[PDB]
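Beneath this line is the structure, given in structure tokens, with notes to follow.
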Amino acid sequence: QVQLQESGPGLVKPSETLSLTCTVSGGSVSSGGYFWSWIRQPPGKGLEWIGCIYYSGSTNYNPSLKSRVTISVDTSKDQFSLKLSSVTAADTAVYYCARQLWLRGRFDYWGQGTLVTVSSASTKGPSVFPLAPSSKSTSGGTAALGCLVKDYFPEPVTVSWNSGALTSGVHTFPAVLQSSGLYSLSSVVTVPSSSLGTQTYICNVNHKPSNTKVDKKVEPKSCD
Amino acid sequence: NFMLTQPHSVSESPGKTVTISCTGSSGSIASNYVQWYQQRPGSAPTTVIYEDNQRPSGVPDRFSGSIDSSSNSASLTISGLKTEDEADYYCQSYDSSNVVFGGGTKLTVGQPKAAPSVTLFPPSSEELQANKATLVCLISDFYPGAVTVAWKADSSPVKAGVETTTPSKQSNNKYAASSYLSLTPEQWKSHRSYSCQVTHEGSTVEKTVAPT
């Protein structure tokens with residue numbers, strides 16, 4: 001059969017130019033008289049139609065997105081790309097390139113949606129802080145310890161405990177936007193209180209876009 | 001200015017029949033073809049029906065669509081609801097050289113309440129050496145996933161620098177949440193104690209930390 005694969009960076013800064021390219025494998029763009037369209041979908045919102053293209057210069061855009069969408073077809077590389085201008089923070093949506101044959105019909109084959117998040121400031125490294133358990137941090141026969149992942153950009157961050165050895169009781173929480181741009185989250189694991197001073201727990205926070213791997217040991221609080 | 005009006009939330013028990021509407025404002029539904037898209041969360045949409053009455057090869061017969069051009073509302077009838085049918089439903093049109101989608105329907109069909117275990121940690125010395133401080137309050141293993149957080153500085157409530165996370169489903173069917181209080185190192189030692197209070201189903205679970 002045929003398939004659609006999108007490319008391009010998953011980040012864009014406000015008031016910049018977006019460059020997302022969708023490539024086709026297993027078929028021909030010019031043959032079959034097959035249209036091509038781009039469809040975006042914000043998280044938690046409905047699908048939004050951006051525009052559609054033919055293998056020739058025929059094109060059409062949504063009236064809300066008019067005079068901002070620039071889509072071109074390059075037959076030689078067998079792919080088509082979409083350029084967006086004056087991107088804002090409200091443009092955060094999952095972009096799907098949609099192989100569709102009938103203009104009033106359906107997008108029979110859907111490509112996988114790439115996540116686009118308007119990048120703020122710049123890609124910055126995370127600040128990992130230990131989360132020391134104590135007598136007030138335990139309720140019963142079990143205790144909770146973790147690691148704080150604060151002030152990083154962009155999403156996502158992968159946190160593993162003891163290089164993936166500890167998985168039971170490990171909770172990874174979704175990120176939340178801080179008061180000024182940056183993100184913050186944490187990852188914690190619940191362990192019995194008997195293994196506090198006898199077992200070593202090391203969190204492994206990885207931030208691929210900033211190329212930073214931080215291993216932080218978690219120990220009980222030392223009162224000073 | 002042609003839009004497709006769809007119900008936001010439609011919930012019924014499995015095994016029964018439901019009707020999902022798609023209403024056009026200006027243009028008639030019989031003017032253009034109507035395409036219904038059924039999409040998993042975190043997955044590409046798949047067309048559950050097109051051409052307003054004919055079912056694609058691969059979907060079951062239960063996905064039936066009908067057109068009522070008198071009321072300008074397009075209907076999609078689903079019978080015998082199952083687990084995999086819990087997804088978003090979108091209806092599509094064409095207008096005039098401008099593809100218009102629908103609002104989106106939350107097809108829906110149930111867990112024992114769980115107590116919100118709450119733990120607290122003080123800011124670390126390494127963070128203090130970085131001229132920063134953050135108090136982390138965490139809520140876990142609770143149901144229903146509706147909790148309210150309120151930081152306390154000894155007795156005064158704290159609102160500035162408070163960042164909290166929406167409840168998220170855990171592996172054991174319960175919910176998990178977090179709360180973060182960004183703070184200065186001088187303000188951390190200014191007050192005698194800092195406490196985070198979690199209210200869930202009327203009951204309140206409180207823990208406190210102090211600079212030690």
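Each chain of the structure tokens is named A, B, ... in the order shown, its residues numbered from 1; ligands are numbered from 1 in display order.
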
Range 43-55 of chain B: which residues within 9 Å, counting only C-alpha atoms, same-chain residues fewer than 4 positions away excluded, as a ChimeraX atom specification? /A:96,105-113 /B:33-39,59-61,63-67,74-76,88-89

As a VMD selection string, please: all residues of range 27-130 of chain A that backbone DSSP puts in strand (DSSP E). chain A and resid 36 to 41 48 to 53 59 to 61 69 to 74 79 to 85 94 to 99 109 to 110 114 to 115 117 to 118 127 to 130

Produce a file of the selected residues containing C-alpha atoms, as a PDB file, in the first residue's frame.
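Result written to again15.pdb:
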```
ATOM      1  CA  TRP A  36      -3.120  16.396  -0.666  1.00  0.00           C
ATOM      2  CA  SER A  37      -4.329  18.304   2.402  1.00  0.00           C
ATOM      3  CA  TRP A  38      -3.018  19.399   5.804  1.00  0.00           C
ATOM      4  CA  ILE A  39      -5.207  19.064   8.908  1.00  0.00           C
ATOM      5  CA  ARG A  40      -4.307  20.192  12.428  1.00  0.00           C
ATOM      6  CA  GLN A  41      -5.952  19.339  15.743  1.00  0.00           C
ATOM      7  CA  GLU A  48      -9.279  22.079  11.862  1.00  0.00           C
ATOM      8  CA  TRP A  49      -8.780  22.167   8.092  1.00  0.00           C
ATOM      9  CA  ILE A  50      -5.763  24.210   6.993  1.00  0.00           C
ATOM     10  CA  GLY A  51      -5.638  23.764   3.225  1.00  0.00           C
ATOM     11  CA  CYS A  52      -5.472  21.337   0.331  1.00  0.00           C
ATOM     12  CA  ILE A  53      -3.204  21.034  -2.706  1.00  0.00           C
ATOM     13  CA  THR A  59      -4.494  25.376  -4.006  1.00  0.00           C
ATOM     14  CA  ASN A  60      -7.130  26.495  -1.510  1.00  0.00           C
ATOM     15  CA  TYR A  61      -6.929  27.710   2.093  1.00  0.00           C
ATOM     16  CA  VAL A  69      -0.464  29.208   4.455  1.00  0.00           C
ATOM     17  CA  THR A  70       2.182  28.444   1.821  1.00  0.00           C
ATOM     18  CA  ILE A  71       2.198  24.828   0.608  1.00  0.00           C
ATOM     19  CA  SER A  72       4.370  23.568  -2.254  1.00  0.00           C
ATOM     20  CA  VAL A  73       4.720  20.197  -3.985  1.00  0.00           C
ATOM     21  CA  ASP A  74       8.108  18.870  -5.122  1.00  0.00           C
ATOM     22  CA  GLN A  79       6.840  14.939  -1.005  1.00  0.00           C
ATOM     23  CA  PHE A  80       4.907  18.097  -0.168  1.00  0.00           C
ATOM     24  CA  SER A  81       5.647  20.695   2.507  1.00  0.00           C
ATOM     25  CA  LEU A  82       3.622  23.391   4.270  1.00  0.00           C
ATOM     26  CA  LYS A  83       4.971  26.780   5.369  1.00  0.00           C
ATOM     27  CA  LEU A  84       3.163  28.835   8.016  1.00  0.00           C
ATOM     28  CA  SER A  85       3.870  32.499   8.749  1.00  0.00           C
ATOM     29  CA  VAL A  94      -1.130  18.179  16.278  1.00  0.00           C
ATOM     30  CA  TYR A  95      -0.501  18.453  12.538  1.00  0.00           C
ATOM     31  CA  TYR A  96      -1.662  15.645  10.248  1.00  0.00           C
ATOM     32  CA  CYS A  97      -0.843  15.429   6.554  1.00  0.00           C
ATOM     33  CA  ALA A  98      -3.912  13.907   4.931  1.00  0.00           C
ATOM     34  CA  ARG A  99      -3.790  11.849   1.751  1.00  0.00           C
ATOM     35  CA  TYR A 109      -5.098   7.460   4.836  1.00  0.00           C
ATOM     36  CA  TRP A 110      -3.963   9.602   7.778  1.00  0.00           C
ATOM     37  CA  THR A 114       3.504  15.438  14.854  1.00  0.00           C
ATOM     38  CA  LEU A 115       3.341  17.507  18.040  1.00  0.00           C
ATOM     39  CA  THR A 117       4.519  23.456  20.533  1.00  0.00           C
ATOM     40  CA  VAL A 118       5.298  27.135  20.165  1.00  0.00           C
ATOM     41  CA  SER A 127      17.546  21.651  37.209  1.00  0.00           C
ATOM     42  CA  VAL A 128      17.228  18.372  39.119  1.00  0.00           C
ATOM     43  CA  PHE A 129      16.824  18.619  42.891  1.00  0.00           C
ATOM     44  CA  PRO A 130      16.671  15.715  45.367  1.00  0.00           C
TER      45      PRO A 130
END
```

Tell me which protein, DNA and RNA residues are within 10 Å of range 160-170 of chain B, counting only C-alpha atoms, leaving out same-chain ones fewer than 5 positions away, and put them as an MDAnalysis selection string. (chainID A and resid 169:179 184:185) or (chainID B and resid 134:151 175:184)

List the neighbours of residue 140 in chain A out to 12 Å using only C-alpha atoms; skip same-chain residues closer than 5 positions along the sequence, and give me the result as a short mmCIF file (atom, residue, chain, number, x, y, z; two decimals) with C-alpha atoms, in the first residue's frame.
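Written output follows (part_35.cif):
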```
data_model
loop_
_atom_site.label_atom_id
_atom_site.label_comp_id
_atom_site.auth_asym_id
_atom_site.auth_seq_id
_atom_site.Cartn_x
_atom_site.Cartn_y
_atom_site.Cartn_z
CA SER A 135 9.71 11.31 59.41
CA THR A 190 6.98 4.67 47.26
CA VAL A 191 9.24 2.35 49.26
CA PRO A 192 9.04 0.77 52.73
CA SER A 193 10.64 2.85 55.47
CA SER A 194 12.98 -0.01 56.46
CA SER B 117 -2.21 9.65 50.22
CA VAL B 118 -0.22 12.84 50.68
CA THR B 119 3.52 13.30 51.27
#
```
